[PDB]
């Protein structure tokens, strides 16, 4: 059979149609479809303002930039995340303060966050990992208590809910429209916020810092209507798309009961899982093989897998900048985690092909 990648975008007739209307219109860059997408995300989350951007990385950049973060400022973040967050902190001239995460949910804890707080802390950046939400009640309380803004990394959390409310409903959250995200337009993102002054700054910084004329220099991070229209078509399918992911995640849960591999633990609080990823831990002790070996073997069997992620602080630049930094739970998982196939268009043929491969390598 053909290669089974660990993810595929759910592109259909709606996506192609959306593009066609934009191309035929002549207005292919930022315009009406961007306004519609922003208005739509406000309706999805329950928030008041939304700013569409070229990527969630870009969203993180202008979000932190809008806060005036720079020299001498600290930003608390997990090491277990995508390198984008760490890079934007550094490139702004600020100091990344990496903290550890829960050993089984891979989510940053209020404990580890609070212990790292200093008068130089200008932001706390939690990650709604794999689609599951973090402990926002506790983390928000830390923010209001110490007076530190909270910028939520919701790159995995489109459709995620935390204690009855959508992620992005309150505060500030940054979603991703990357190829493998729940909804996609190849590359894109959106910042949702409740602060009108903050939103105006984002809107400015994403487009040359114009109002027109330059008021304060900004970057070019605007999302074309070409892509926005695709993200809109996807957003209409969101509940359906996530339902498929959820259904498949359930089937994984069953098969894993008779497998040595350890899926992530669900958060203890009320939530709705967007199921962007299905991560398993591969401990050589109880599995008989290393995670690297498993990924190489699955590949031989024509099955793709992901690595989300190898901790940022174990990568070259951050190894050399923070030699002393130790994060045991982060490091433990980082050496053992990998992402199994999970995408809306995945079939039972595809699913059973994975489990058959997993039993074959185990034993």
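Residue numbers count along the first chain shown, from 1.
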Please classify the unmodelled stretch of the deposited sequence between residue 211 and residue 212: none, 1 to 3, 4 to 9, or 10 or more residues. 10 or more
Highest mean C-alpha temperature factor of the two stretches 126 to 134 and 288 to 296, which is it? 288 to 296
Would you mind comparing 183 to 191 and 258 to 266 for me and telling me which has the higher average C-alpha temperature factor in the entry? 258 to 266
Which listed residue, 43, 33, 313, 336, has the largest C-alpha temperature factor in the record? 336
Note to self: of 79, 251, 85, 227, the C-alpha temperature factor tops out at 251
Please place residue 115 in the lowest, middle or highest third of its chain according to the CA B-factor in the PDB entry. highest
By the entry's values, the third containing the CA B factor of residue 176 is the lowest
Please place residue 326 in the lowest, middle or highest third of its chain by C-alpha B factor as given in the entry. middle
Thinking about Cα B factors across the chain, which third does residue 275 belong to? highest
With respect to C-alpha B-factor, does residue 61 fall in the lowest, middle or highest third of the chain as deposited? lowest
